[PDB]
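Chemist:
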Amino acid sequence: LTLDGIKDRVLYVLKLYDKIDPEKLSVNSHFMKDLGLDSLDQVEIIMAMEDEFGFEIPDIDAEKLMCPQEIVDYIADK
Amino acid sequence: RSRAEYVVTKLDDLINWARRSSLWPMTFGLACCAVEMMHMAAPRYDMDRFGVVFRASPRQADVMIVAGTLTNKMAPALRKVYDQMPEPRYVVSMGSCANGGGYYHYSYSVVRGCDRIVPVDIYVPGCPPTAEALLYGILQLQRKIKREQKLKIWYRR
Amino acid sequence: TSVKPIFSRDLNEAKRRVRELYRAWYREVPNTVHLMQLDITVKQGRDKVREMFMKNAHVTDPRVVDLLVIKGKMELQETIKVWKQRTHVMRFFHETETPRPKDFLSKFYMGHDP
Amino acid sequence: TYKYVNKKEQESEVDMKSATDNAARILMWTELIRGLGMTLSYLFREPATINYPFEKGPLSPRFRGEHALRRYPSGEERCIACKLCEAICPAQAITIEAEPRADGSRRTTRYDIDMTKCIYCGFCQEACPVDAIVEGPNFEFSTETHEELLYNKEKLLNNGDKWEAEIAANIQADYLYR
Amino acid sequence: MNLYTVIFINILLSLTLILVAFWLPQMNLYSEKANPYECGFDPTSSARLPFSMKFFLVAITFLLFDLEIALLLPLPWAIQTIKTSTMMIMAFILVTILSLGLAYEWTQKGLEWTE
Ligand SMILES: CCCCCCCCCCCCO[C@@H]1O[C@H](CO)[C@@H](O[C@H]2O[C@H](CO)[C@@H](O)[C@H](O)[C@H]2O)[C@H](O)[C@H]1O
Ligand SMILES: CCCCCCCCCCCCO[C@@H]1O[C@H](CO)[C@@H](O[C@H]2O[C@H](CO)[C@@H](O)[C@H](O)[C@H]2O)[C@H](O)[C@H]1O
Ligand code: SF4
Ligand code: SF4
Ligand code: SF4
Numbered sequence: 006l007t008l009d010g011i012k013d014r015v016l017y018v019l020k021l022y023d024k025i026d027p028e029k030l031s032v033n034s035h036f037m038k039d040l041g042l043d044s045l046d047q048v049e050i051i052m053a054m055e056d057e058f059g060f061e062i063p064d065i066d067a068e069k070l071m072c073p074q075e076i077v078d079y080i081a082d083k
Numbered sequence: 033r034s035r036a037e038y039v040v041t042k043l044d045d046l047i048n049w050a051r052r053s054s055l056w057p058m059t060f061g062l063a064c065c066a067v068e069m070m071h072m073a074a075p076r077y078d079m080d081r082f083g084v085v086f087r088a089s090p091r092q093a094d095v096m097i098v099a100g101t102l103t104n105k106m107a108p109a110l111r112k113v114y115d116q117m118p119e120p121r122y123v124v125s126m127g128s129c130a131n132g133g134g135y136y137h138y139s140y141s142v143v144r145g146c147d148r149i150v151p152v153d154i155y156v157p158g159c160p161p162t163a164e165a166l167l168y169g170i171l172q173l174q175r176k177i178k179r180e181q182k183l184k185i186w187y188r189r
Numbered sequence: 017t018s019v020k021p022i023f024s025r026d027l028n029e030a031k032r033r034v035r036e037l038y039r040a041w042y043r044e045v046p047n048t049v050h051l052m053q054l055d056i057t058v059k060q061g062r063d064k065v066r067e068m069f070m071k072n073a074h075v076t077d078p079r080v081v082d083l084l085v086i087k088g089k090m091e092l093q094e095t096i097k098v099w100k101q102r103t104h105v106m107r108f109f110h111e112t113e114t115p116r117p118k119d120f121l122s123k124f125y126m127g128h129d130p
Numbered sequence: 001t002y003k004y005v006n007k008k009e010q011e012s013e014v015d016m017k018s019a020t021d022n023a024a025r026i027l028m029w030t031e032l033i034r035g036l037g038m039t040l041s042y043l044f045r046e047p048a049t050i051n052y053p054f055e056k057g058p059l060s061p062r063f064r065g066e067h068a069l070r071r072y073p074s075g076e077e078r079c080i081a082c083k084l085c086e087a088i089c090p091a092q093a094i095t096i097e098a099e100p101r102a103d104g105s106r107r108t109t110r111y112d113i114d115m116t117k118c119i120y121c122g123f124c125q126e127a128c129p130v131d132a133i134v135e136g137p138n139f140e141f142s143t144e145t146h147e148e149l150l151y152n153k154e155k156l157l158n159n160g161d162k163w164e165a166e167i168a169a170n171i172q173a174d175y176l177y178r
Numbered sequence: 001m002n003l004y005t006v007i008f009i010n011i012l013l014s015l016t017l018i019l020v021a022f023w024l025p026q027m028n029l030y031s032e033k034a035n036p037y038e039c040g041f042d043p044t045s046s047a048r049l050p051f052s053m054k055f056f057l058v059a060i061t062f063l064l065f066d067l068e069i070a071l072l073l074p075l076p077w078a079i080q081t082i083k084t085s086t087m088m089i090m091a092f093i094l095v096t097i098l099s100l101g102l103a104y105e106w107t108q109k110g111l112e113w114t115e
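Each protein sequence line maps, in turn, to chains T, B, W, I and A. Quick note on numbering: the deposited numbering labels position 37 of the first sequence as 42, and the sequence is numbered without any gaps. Quick note on numbering: the deposited numbering labels position 120 of the second sequence as 152, and the sequence is numbered without any gaps. Quick note on numbering: the deposited numbering labels position 62 of the third sequence as 78, and the sequence is numbered without any gaps. Quick note on numbering: the deposited numbering labels position 79 of the fourth sequence as 79, and the sequence is numbered without any gaps. Quick note on numbering: the deposited numbering labels position 4 of the fifth sequence as 4, and the sequence is numbered without any gaps.
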């Protein structure tokens, strides 16, 4: 649902998030393995998506969005 | 000295007398010590005949009488209402609890003397001090105010 | 090693509650900074929340985690209700406390305490 | 046995007389007038106020006031540093040190009372075996600093020398009750 | 002229007392002193939020009853009329309908405050 337009906004959010090195950020970069974040960092990132896309992502859903891509698939499947 | 210094000194007396003669304490009491404060207002001692009138608003009060134990949970609130009294303002610490923690000095929950929170002008000992002992301390505050030399000090600056 | 659970049957279920409480504290910081007129940034408030959560990152017992969350929800409640005052919230930052030095030599100079 | 404070509900019929008396009471505020009568009657009563500090409230020989350390009629201190007062003090307001005096006497070198810890309970003067520490009759010793209420031995002995004439007479009046 | 003169003096006296009260005393402004009072704890919200009015119906009834007395205040001039019977009937009818209006609102529980 605006599939590529969504991706433009998602990566915008992750670049603002300081803990992510902006060069290493790619649509398939796993938050834990690649970017080297931790569990609470991920929770803040999904909360940031909750702000941009204006809807509630449950704990059960948000626990899975482990790299930028699945966020996009989750959002489009709204 | 000079006639300008004499005039300044007489003005100090006049403004000092006015504040001596119209001391309005906050309606503010914490524990058993406040009961003896009621007895100072009661007919036998009638604090109002000295010009002492309780007002509930800190904006309309000159004296804080810390009449009882000051707990850690109460300390910020007491500091708030002290800060909201317009100046010139005075504090009378009444009873062992307010003076230094008293019977509860060693408690985890008690401030060991209200003079860790606010400046204190008069310390009234006792647990509780009698209504008369409190009245004596109020009259000692008046004599302290009688000694203020703010205009003389301004003149000599 | 057989114990009654409190709320969570395993540390994985407990971690879920921890993340919910963290979200609630994270969203509350900007409202608290604004309503209490705290002289700190929102970023500084959220860093403090993070540091308080990581003070307990080593806990593995699901029951202890359950009780840490229960207490964390209480602290959140007295913060949202403004039962805590500014003095209470600013206590988390220890702004008048000189921290104890961590090296052997500095402690040796100061006194006898380890 | 019990009584009802507000069970007067024996409902009855109303005559014209009682209905008019009820009407007069409502419309002419009669019970409110009785209230004014009471406050008027106090206006013409002599007030109970005394002219402090020229007049004083009555007290009794048992009154627990400012502490003092007493002497024997010779001038020798009564306190022999037993520390019973220190042990019993419910506020731990008493601090004592002692050693043999130059003449070998058992006497204190420290006798402190934190008057801002003390609860003025009189337990020390009950516990003293030699009537050394007493609460005297003085209650007018408010200070301008906290530090002035941390009494040491010199202060407490000066209170004894200051107030012994009244302290002795109060003990003579009450000791048979002790 | 005289009424203008005395009321200006009344205004002048009040404003002078305000100026004295604000410029004579020693000041000491700091944030905790000037924060709003609420019994030693901070307010949890603005005092500017809505404050419910439980007597709102009595309040707007008062608007109508205040124009009723405006219709009654010419009565001292009206009793001078030759047409005494007409004036008396008009005044009696006016007072009676206002009473009936009050009686109706009373029996409708319009004077009871909302809960
Ligand atoms: C064309 C422009 C002309 C130049 C203009 C310059 C304006 C500068 C104004 C300086 C402030 C004067 O205004 C006054 O300052 C004093 C002390 O300074 C403060 O007054 C009060 O508050 C402070 C708070 O600590 C106390 O220190 C002070 O003693 C007390 O009187 C207030 O702030 C104000 O009452
Ligand atoms: C639904 C609402 C009901 C409430 C309203 C009821 C209004 C009815 C009013 C009835 C009373 C009228 O009362 C009436 O007063 C007038 C004067 O005012 C009297 O009139 C009398 O005096 C007047 C002078 O004023 C003479 O000029 C006249 O010839 C003579 O009759 C009448 O004799 C009397 O009947
Ligand atoms: S000093 Fe004594 S009387 Fe006063 S509040 Fe404390 S315990 Fe009560
Ligand atoms: S009066 Fe009571 S509290 Fe005070 S010193 Fe004696 S024993 Fe201690
Ligand atoms: S004052 Fe009395 S009880 Fe206390 S140490 Fe001296 S002798 Fe013993």
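By construction, the Cβ of each residue, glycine as well, lies at the ideal position given by its N, Cα and C atoms.
1. Could you check which residue in B:116, B:77 and B:39 has the C-alpha nearest to that of residue 88 of chain B?
2. Between the alpha carbons of residue 58 of chain B and residue 90 of chain B, how many angstroms are there, rounded?
3. Mind listing, in chain order, the residues whose beta carbon lies closer than 7 Å to a non-hydrogen atom of ligand 1?
4. Excluding the 5 residues preceding and the 5 following residue 78 of chain I in the sequence, name in chain order all residues of the same chain whose CB lies nearer than 7 Å to its CB.
5. Check whether chain A comes within 9 Å of residue 172 of chain B, counting only Cβ atoms and requiring the distance to be less than that.
6. What first and last residue would you give for the alpha helix (DSSP H) that runs through residue 40 of chain I?
7. Have a look at residue 43 of chain A and residue 92 of chain B and give me their C-alpha separation to the nearest angstrom.
8. Between the Cα of residue 103 of chain W and the Cα atoms of B:147, B:110, B:156 and B:124, which residue gives the shortest distance?
9. Apply the 10 Å Cβ neighbour rule to residue 170 of chain I and answer buried if 16 or more other Cβ atoms are within range, or exposed otherwise.
10. Between residue 64 of chain T and chain W, is any beta-carbon pair separated by less than 9 Å?
11. How about residue 90 of chain B: is its C-beta nearer than 9 Å to some C-beta of chain W?
12. Give me every residue whose Cβ sits closer than 7 Å to any heavy atom of ligand 2, in chain order.
13. Kindly list, in the order they appear in chain B, the residues whose Cβ is closer than 7 Å to that of residue 140 of chain I.
14. Closest to residue 67 of chain A by C-alpha separation, out of A:50, A:110, A:94 and A:1, would be which residue?
15. Tell me whether residue 126 of chain B sits in a helix, a strand or coil according to DSSP, three-state version.
16. So the beta strand (DSSP E) residue 111 of chain I belongs to, where does it begin and stop?
17. Is residue 67 of chain I helix, strand or coil by DSSP?
18. Counting Cβ pairs, one atom from each stretch, are 3 or more of them under 8 Å apart for the region 126–138 of chain B and the region 80–94 of chain I?
19. With a threshold of 8 Å, establish whether the CB of residue 135 of chain I neighbours any heavy atom of ligand 4.
20. Return the residue from the list B:76, B:83, B:85 and B:81 that minimises the CA-CA distance to residue 49 of chain I.
21. Apply the 10 Å Cβ neighbour rule to residue 127 of chain W and answer buried if 16 or more other Cβ atoms are within range, or exposed otherwise.
22. Under 9 Å, do residue 104 of chain B and residue 152 of chain B count as touching if we go by C-beta distance?
23. Going along chain I in order, which residues have a C-beta closer than 8 Å to the C-beta of residue 76 of chain B?
24. When Cβ atoms are compared, which residues of the region 57–87 of chain B fall closer than 7 Å to chain A?
25. Could you check if residue 177 of chain B is buried or exposed, using at least 16 other CB atoms within 10 Å of its CB as the buried criterion?
26. Could you tell me whether any non-hydrogen atom of ligand 4 is closer than 8 Å to the CB of residue 124 of chain I?
27. Starting from residue 47 of chain B, trace the alpha helix (DSSP H) in both directions and tell me its first and last residue.
28. What do you reckon, is the C-beta of residue 154 of chain B under 8 Å from a heavy atom of ligand 7?
29. In whole angstroms, give me the CA-to-CA distance for residue 98 of chain B and residue 178 of chain I.
30. Look at the alpha carbon of residue 84 of chain W and the alpha carbon of residue 43 of chain W, and state the distance between them as a whole number of angstroms.
31. Closer than 8 Å is the cut-off here; do at least three beta carbon pairs connect the region 46–63 of chain B with the region 66–84 of chain W?
32. Look up residue 99 of chain B in the DSSP assignment and give the residues it is bridged to.
33. How about residue 68 of chain W: is its C-beta nearer than 9 Å to some C-beta of chain A?
34. Could you compute how far the alpha carbon of residue 107 of chain I sits from the alpha carbon of residue 122 of chain W?
35. To the nearest angstrom, report how far apart residue 28 of chain T and residue 27 of chain W are at their CA atoms.
36. In terms of DSSP beta bridges, what is residue 57 of chain B paired with?
Modeler: Concretely, from the data shown:
1. For the purposes of this step, residue 88 of chain B is identified with residue 56 of the second sequence, where counting begins at 1. It is B:116.
2. Within the second sequence, numbered from 1, the residue matching residue 58 of chain B stands at position 26. Within the second sequence, numbered from 1, the residue matching residue 90 of chain B stands at position 58. Roughly 6 Å separates the two Cα atoms.
3. A:26, A:27, A:28, A:29 and A:30
4. Here residue 78 of chain I refers to the residue found at position 78 when the fourth sequence is read from its first residue. Taken in chain order, the residues that qualify are 70, 71, 72, 130, 131 and 132.
5. Residue 172 of chain B sits at position 140 when you count from the first residue of the second sequence. Not an interface residue.
6. Translated into positions along the fourth sequence, residue 40 of chain I becomes position 40. Segment 30–43, the alpha helix (DSSP H) holding residue 40 of chain I.
7. Here the question's residue 43 of chain A lines up with position 43 in the fifth sequence. Here the question's residue 92 of chain B lines up with position 60 in the second sequence. Between residue 43 of chain A and residue 92 of chain B, the C-alpha separation is close to 20 Å.
8. As a working note, residue 103 of chain W is residue 87 in the third sequence. With distances taken between Cα atoms, residue 103 of chain W lies closest to B:110.
9. Here residue 170 of chain I corresponds to residue number 170 of the fourth sequence, with the count starting at 1. Classification for residue 170 of chain I: buried.
10. The sequence position of residue 64 of chain T within the first sequence is 59, counting from 1. Residue 64 of chain T counts as touching chain W.
11. Start at 1 with the first residue of the second sequence, and residue 90 of chain B comes out as number 58. It does not; no Cβ of chain W falls within 9 Å.
12. A:84, A:85, A:88, A:89, A:92, A:93, A:96 and A:97
13. One-based indexing of the fourth sequence puts residue 140 of chain I at position 140. Within chain B, the residues near residue 140 of chain I are 165 and 168.
14. Your numbering for residue 67 of chain A matches position 67 in the fifth sequence. For residue 67 of chain A, the nearest C-alpha among the options comes from A:94.
15. By one-based count along the second sequence, residue 126 of chain B stands at place 94. Strand, per DSSP.
16. Counting from 1 along the fourth sequence, the entry for residue 111 of chain I is found at position 111. Start and end: 106–114.
17. Here residue 67 of chain I is taken as the residue at index 67 of the fourth sequence, counted from 1. Here residue 67 of chain I sits in strand by DSSP.
18. yes
19. Within the fourth sequence, numbered from 1, the residue matching residue 135 of chain I stands at position 135. Correct: residue 135 of chain I has its Cβ closer than 8 Å to ligand 4.
20. For the purposes of this step, residue 49 of chain I is taken as residue 49 along the fourth sequence, with counting starting at 1. Among B:76, B:83, B:85 and B:81, the Cα nearest to that of residue 49 of chain I is on B:76.
21. In the third sequence, counting from the first residue as 1, residue 127 of chain W sits at position 111. Exposed, by the Cβ-count rule.
22. As a working note, residue 104 of chain B is residue 72 in the second sequence. As a working note, residue 152 of chain B is residue 120 in the second sequence. Contact flag unset, no.
23. Taking the first residue of the second sequence as 1, we reach residue 76 of chain B at position 44. Within 8 Å Cβ-Cβ: 48, 49, 50 and 57.
24. none
25. Walking along the second sequence from the start, residue 177 of chain B turns up at place 145. Counting Cβ neighbours within 10 Å, residue 177 of chain B comes out buried, since at least 16 surround it.
26. Stepping through the fourth sequence from its first residue, residue 124 of chain I is reached at position 124. Flag set: Cβ of residue 124 of chain I near ligand 4.
27. Counted from its first residue, the second sequence places residue 47 of chain B at position 15. Segment 35–53, the alpha helix (DSSP H) holding residue 47 of chain B.
28. Here the bound small molecules are ligand 1, ligand 2, ligand 3, ligand 4 and ligand 5; ligand 7 is not part of this structure.
29. On the second sequence, residue 98 of chain B is found 66 positions in, with the first residue counted as 1. On the fourth sequence, residue 178 of chain I is found 178 positions in, with the first residue counted as 1. Spanning the two alpha carbons is a distance of roughly 36 Å.
30. Counting from one through the third sequence, the residue named residue 84 of chain W turns up at place 68. Counting from one through the third sequence, the residue named residue 43 of chain W turns up at place 27. Rounded to whole angstroms, residue 84 of chain W to residue 43 of chain W spans 19 Å at the Cα level.
31. no
32. The residue you call residue 99 of chain B lines up with position 67 of the second sequence. In the DSSP output, where bridge partners are listed per residue, residue 99 of chain B has B:126.
33. In the third sequence, the residue the question calls residue 68 of chain W occupies position 52. By this cut-off, residue 68 of chain W is not an interface position.
34. Residue numbering aside, residue 107 of chain I sits at position 107 when the fourth sequence is read from its first letter. Residue numbering aside, residue 122 of chain W sits at position 106 when the third sequence is read from its first letter. Taking the straight line from one Cα to the other gives about 44 Å.
35. Along the first sequence, one-based indexing puts residue 28 of chain T at 23. Along the third sequence, one-based indexing puts residue 27 of chain W at 11. So the alpha carbons of these two residues sit roughly 35 Å apart.
36. In the second sequence, residue 57 of chain B corresponds to position 25, counting from 1. Its beta-bridge partners are B:95.
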